[PDB]
Amino acid sequence: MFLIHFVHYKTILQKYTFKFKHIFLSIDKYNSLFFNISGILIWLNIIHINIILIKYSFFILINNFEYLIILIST
Amino acid sequence: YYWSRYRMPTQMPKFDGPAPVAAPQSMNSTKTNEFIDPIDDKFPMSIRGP
């Protein structure tokens, strides 16, 4: 039987906060140092030189993977 | 892939245009170094220094 009619209180208080980072926030990426390329030399069958900026080059990279390439002041 | 590392991160500079100022370009008989800077070696040691 029913004796009464009432209004339904509830305590919805969130007072605690637990947020956990999903895994992919910590995954790696590939980051690189970046300087302005002053020049480039490519050689595979035939050598080719491109010069963007002529200055005394303070750093030089050599990379052999497919074609021989030399990145000047890179 | 293990190779996914060796991709280019940035777009590499295109070759749009002609050989640079005082480039080595070789006529009928010319002894040409790609290596030696044409303009900065010709410039007197007296001035530029050793």
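Residues numbered from 1 in each chain as written, not as in the entry; some residues may be left out. Chains lettered and ligands numbered in written order. Part of a larger assembly, values for the part shown. Heavy atoms only, no water.

- If you check the header, you'll see the entry was determined by cryo-EM and the resolution is listed as 3.08 Å.

### Quick look at the side chain of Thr74 of chain A
Residue and element names in this part refer to chain A.
Now for step 1: With respect to the secondary-structure elements, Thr74 resides in the segment after β4 (68–72).
Now for step 2: Residue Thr74 is classed as buried on the basis of its relative accessible area of 16%.
Now for step 3: Setting aside chain neighbours within four positions, we find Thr74 in contact with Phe35, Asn36, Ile37, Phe59 and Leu61. (Helix = DSSP H or I, 4+ residues; strand = E, 2+ residues; numbered from the N terminus. Buried < 20%, exposed > 50% of the residue type's maximum accessible area, 1.4 Å probe, protein only. Contact = heavy atoms within 4.5 Å.)

### As for the pairing of strand β2 (residues 47–51) of chain A
All names here are of chain A.
Now for step 1: The pairing of strand β1 (residues 39–43) with β2 spans 5 bridges and is antiparallel. Its bridge partner lying in β2, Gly39 is registered against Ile51.
Now for step 2: Taking the residues that link successive antiparallel strands as the turn, the β1-β2 hairpin has 3 residues. (Pairing = 2+ DSSP bridges.)

### Some details on the sheet that holds β1 of chain A
Residues and elements named next belong to chain A.
Now for step 1: Across the sheet, which stays open at both edges, the 4 strands sit in the order β2-β1-β4-β3 with antiparallel pairing between neighbours. If you trace the sheet from one side to the other, it starts and ends with β2 and β3 (60–63), each paired once. When strand polarity is set aside, the average angle formed by the axes of neighbouring strands in this sheet is 10 degrees.
Now for step 2: Pairing of β1 with β4, which is carried by 5 bridges, proceeds in the antiparallel orientation. In the sheet register, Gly39 faces β4, and the bridge partner there is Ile72. (Axes fitted to C-alpha atoms, helices over the stretch in contact; angles between N-to-C directions.)

### Remarks on the environment of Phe35 of chain B
Now for step 1: Inspection of the secondary structure assignment puts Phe35 of chain B in the segment before α1 (38–42).
Now for step 2: For the pair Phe35 of chain B and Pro24 of chain B, spaced 11 residues apart in the sequence, the C-alpha separation amounts to 9.4 Å.

### Observations regarding unusual backbone geometry
Now for step 1: Unlike most non-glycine residues, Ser73 of chain A shows phi in positive territory, near 55 degrees.
Now for step 2: Looking at the secondary structure, you find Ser73 of chain A in the segment after β4.
Now for step 3: Located in the positive-phi region is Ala22 of chain B, a residue other than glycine, with phi close to 60 degrees.
Now for step 4: Within the secondary structure layout, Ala22 of chain B lies in the segment before α1.

### Here's the deal with the interface of chain B and chain A
Often, the extent of an interface is quoted as the loss of accessible area on bringing the components together.
Now for step 1: At the junction of the two partners, chain B supplies 11 residues and chain A supplies 14 residues.
Now for step 2: Across the chain B/chain A interface, buried area totals approximately 960 Å², and carbon plus sulfur atoms make up 76% of it.
Now for step 3: It is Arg5, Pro13 and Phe15 of chain B in chain B that bury the most area against chain A; as a group they hold 42% of the surface buried on that side.
Now for step 4: Here chain B is connected to chain A by 0 salt bridges.
Now for step 5: Our count for the contact surface shared by chain B and chain A stands at 0 residue pairs in polar contact.
Now for step 6: Class assignment for the residues of the side of chain B that touches chain A results in 5 nonpolar, 2 polar and 4 charged. (Buried area = accessible area lost by both parts, 1.4 Å probe. Salt bridge = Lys/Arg side-chain N within 4 Å of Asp/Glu carboxyl O. Polar contact = N/O pair within 3.5 Å; in protein donor to acceptor, adjacent residues only side chain to side chain. Nonpolar A, V, L, I, M, F, W, Y, C, P; charged D, E, K, R; others polar.)

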